[PDB]
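Here we start with a single chain on its own, the form deposited in one PDB entry, put down as structure tokens.
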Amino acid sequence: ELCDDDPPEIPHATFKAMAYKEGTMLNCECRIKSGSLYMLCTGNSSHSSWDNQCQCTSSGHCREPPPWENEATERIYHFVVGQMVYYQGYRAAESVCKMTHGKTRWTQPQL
């Protein structure tokens, strides 16, 4: 349970996630120096938390964590199998990550 492929790109659209499945990872960037690694969503059926909070110096599902000290423009996530993301012009649509023959890929969200 860990997707290798990145989410696709539909000509004209935007994708985001709200519900993070247990497994999801984020690396803290800012600048970094502390003795830490990743932020890791962990939990049972009751609730779920984030394990390893981040600091910087000078020189079923879990919500998105509270902003820290020096975040960059973009924050990258490591998704898991099961994860779902949602996709200036009208349309007349959701991307899911699946695994069949030992192969993981995000299904093309038929817009």
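Residue numbers run from 1 along the displayed sequence. Only residues modelled in both forms are compared. For clarity, a rigid core is taken as the largest C-alpha set superposing within 1.5 Å between two forms.
Participant: Check whether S46 goes without coordinates in at least a third of the other compared PDB entries of this protein that model residues on both sides of it.
Facilitator: Yes, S46 lacks coordinates in at least a third of the other compared entries.
Participant: Coordinates for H61 lacking in at least a third of the other PDB entries compared?
Facilitator: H61: unmodelled in at least a third of the other compared entries.
Participant: Would you class the number of unmodelled deposited residues between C30 and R31 as none, 1 to 3, 4 to 9, or 10 or more?
Facilitator: Count of unmodelled residues in between: 4 to 9.
Participant: Are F15 and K16 truly consecutive in the deposited sequence, or are residues between them missing coordinates? Give the number as none, 1 to 3, 4 to 9, or 10 or more.
Facilitator: Unmodelled stretch: none, continuous chain.
Participant: So which stretch wins on mean C-alpha B-factor, 100 to 108 or 4 to 12?
Facilitator: Between 4 to 12 and 100 to 108, it is 4 to 12 that shows the higher mean C-alpha B-factor.
Participant: From the list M84, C56, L26, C41, select the residue with the highest C-alpha B factor recorded in the entry.
Facilitator: If I rank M84, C56, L26, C41 by C-alpha B-factor, first place goes to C56.
Participant: Sorting by Cα B-factor within the chain, modelled residues only, which third would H78 end up in: lowest, middle or highest?
Facilitator: Tercile = lowest for this residue's CA B-factor.
Participant: According to the PDB entry, is the CA B factor of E64 in the bottom, middle or top third of its chain, that is, lowest, middle or highest?
Facilitator: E64: CA B-factor falls in the middle third of its chain.
Keep in mind that the form deposited in another entry is missing from the display, and what follows is about it.
Participant: By the 2 angstroms cut-off, has the C-alpha of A17 moved between the shown form and the other one once the rigid core is superposed?
Facilitator: It does not, since the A17 C-alpha is displaced less than 2 Å between the shown form and the other one after the core fit.
Participant: Spell out which consecutive segments of 3+ residues have Cα shifts of at least 2 angstroms at every position between the shown form and the other one, with the rigid core used for superposition.
Facilitator: The segments that shift (3 or more residues, C-alpha shift of 2 Å or more) are 9 to 14, 31 to 37, 54 to 59, 88 to 92, 109 to 111.
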